[PDB]
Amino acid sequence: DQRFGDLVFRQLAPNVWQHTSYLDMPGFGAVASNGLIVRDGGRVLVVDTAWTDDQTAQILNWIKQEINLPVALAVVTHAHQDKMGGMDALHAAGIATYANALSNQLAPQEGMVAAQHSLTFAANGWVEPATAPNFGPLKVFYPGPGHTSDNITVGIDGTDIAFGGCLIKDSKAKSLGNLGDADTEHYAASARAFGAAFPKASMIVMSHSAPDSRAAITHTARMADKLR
């Protein structure tokens, strides 16, 4: 683990890093939020911002120092603060940002800054390639409504890594966390759909825990079963 400012960076694979930022919430303590950094050829790709614009700027600063390649694009997995909180930092730096069309539509109501481009998805959940230009190893999948109506997920092609965001919780988790915006009826099916979308992924990266095995997906699904 590497510390850079208030952020921590961990290499998960030769070309993949996890970024972690913290937000102190009064009465509840500091909460960690994870994202991904992917090196693809002569460019870098980001998945999710940090909690804030300042923290996100630090991600770009670490990238400059540790990777020294231009950041080509970023993808945010839904319209909540821990995933979209630092959109300004990305846009200030001239980085093209992509999100679920629904996330961009919800963003203003959520107090978030919308991404600059919209992803749309097929009936089977896979992104329509036309809306996801030059994503390299990033394979984006909409598993259906769960944590939120708009949550999307990301696999890293050519690695054992898949990113479930706030949809997937780790196998040690006691609850499904914040269900304030959740679709409790479809949550279980969506978690399982993600598992089926990336059947070979063995390392599951998520928003609020260290990377886990596929057990995180199944354990989440089974916790969600009880919500019905």
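Numbering starts at 1 and follows the sequence shown.
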On mean C-alpha B-factor from the PDB entry, just flag whether 71-79 or 127-135 is the higher one.
127-135
Quick one: higher average CA temperature factor, 58-66 or 170-178?
170-178
In the PDB entry, which of 29, 35, 164, 195 has its C-alpha at the highest B-factor?
29
Third of the chain's Cα B-factor distribution that residue 155 belongs to, per the entry:
middle
Place residue 49 in the lowest, middle or highest third of its chain's C-alpha B-factors, as listed in the PDB entry.
middle
B-factor third for the C-alpha atom of residue 25 within its chain
highest
Third of chain Cα B-factors occupied by residue 186:
highest
Third of the chain, ranked by Cα B-factor, where residue 143 sits
lowest
